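Heads up, what comes next is one protein chain in two forms, each shown on its own as structure tokens, labelled structure 1 and structure 2.
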Structure 1
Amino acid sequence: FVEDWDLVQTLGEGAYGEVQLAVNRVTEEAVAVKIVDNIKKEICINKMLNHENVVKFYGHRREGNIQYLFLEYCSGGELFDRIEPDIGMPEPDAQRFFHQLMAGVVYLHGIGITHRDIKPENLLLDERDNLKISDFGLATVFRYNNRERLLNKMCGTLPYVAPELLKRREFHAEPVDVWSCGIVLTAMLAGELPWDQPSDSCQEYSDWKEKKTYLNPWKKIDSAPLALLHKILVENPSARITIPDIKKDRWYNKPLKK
């Protein structure tokens, strides 16, 4: 009876379908079942993945039109629900989550995979509050046989997308994921998103380029994390800080405690 799973509740909703909690009849092990009525690519990319900061993939099954993906149930839920609106979270918690996010992103980039939709809704927490990158539906290969391929498709979520995606025909994948991580860090530290989108027409984006850090959400952020944000949220993706450099940042290396 070890192959029998009971559907307990609906965890969340996606565009394709639902994410349901399934519990094994014999072992009581929990799995998050992603139901999709491309999907072939999400499966292929998931089979590649093996990291402590990436949602585990257990397998998949196709029944008629319906496709089931068996994924890690992260009982701590979304990082999204740990961010208090207009407040954020304690700086040592945000730093620990950021460290984990960098470890997961380094891993993906290392294997030539770009997530392309990093946001707090996609960053799940296990039973010990360990961050796991989730949903590879928008993910793609940006490096293969040691040759980088430039991206051109418009995707992600506007508050989190890098400005080059809106202005350039082609762009490097890695600075785009770095930028979205910066936005996630801003959200964790201020409990708000800095702009609707990083465009010339967006007043809040213009204010940031004009270094008006006396305005929210920047005024809520301590100078050390803010100095890192200055490095990440750089309009030119070629001048933007790289992850190896982020790991050398003063705040990234600052010992913090409750």
Structure 2
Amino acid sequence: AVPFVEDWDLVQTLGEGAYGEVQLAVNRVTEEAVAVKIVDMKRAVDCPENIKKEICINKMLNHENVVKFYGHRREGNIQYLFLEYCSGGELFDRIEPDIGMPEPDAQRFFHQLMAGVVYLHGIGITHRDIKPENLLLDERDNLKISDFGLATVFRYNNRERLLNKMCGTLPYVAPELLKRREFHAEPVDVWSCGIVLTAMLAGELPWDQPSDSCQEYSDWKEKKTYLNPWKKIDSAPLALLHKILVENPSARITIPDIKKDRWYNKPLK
């Protein structure tokens, strides 16, 4: 940090990651911008192992819809991760509250989200916290999946394992996390992508959590798409959401079948 901070301006805070605060750093000579995630390992006894794992997963990644990882180093009890600066900001800030964004924009972002998730799943990694705060944008509005603090390996070579950790952000979590002791990784990420699509199209999360005790979730199970947020969503993308937000993960649409969906393939304005 010492010589680094002589040559690089830590201009401002960008946000909070799973494991630490992220700063914009700009080199005074070249004006290169990088995002620096600063992780205080004293915040938990397991933080050193947890951040080591985030680093390890980052080293596996190379895809146009995933935030680039440049490197890392430790200074005392602080770990520094050096990440792509995504100058388009968070997808969250393209969503007008209670309105969403135009359907063509939501469709394009959703295609890019699928590309990134397909990539991750192909290498056996699940993100586990997909939400608009963790979907950044570059200078050409290309989506970049961000923050692998909660990510884990669900397939070792061609051998899947079940997961059991209740992690993620509650309004985005799939119902099987509240019902099953162990579950498949991929349908959990598919579900959160559906909640992201809902938010992009209507500017509103549909429920606190996907429990039968949550009235808004019961309303969706009972096909009450005449209520918000659903009544704001056109029938074509709503038909896709009906296939994604399926309670039984075994019956839930898979990404290869999302690719065949009418709305997914629909030419928009």
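Structure 1 provides the reference sequence; residues are numbered from 1 along it. Think of the rigid core as the biggest set of C-alphas that the two forms share within 1.5 Å after superposition.
If you fit the rigid core between structure 1 and structure 2, you'll see the Cα of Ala15 move by 2 angstroms or more. Core fit done between structure 1 and structure 2; CA of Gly76 shifted by 0.7 Å. Its Cα shifted by 2.1 Å, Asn145 is compared between structure 1 and structure 2 on a rigid core fit.
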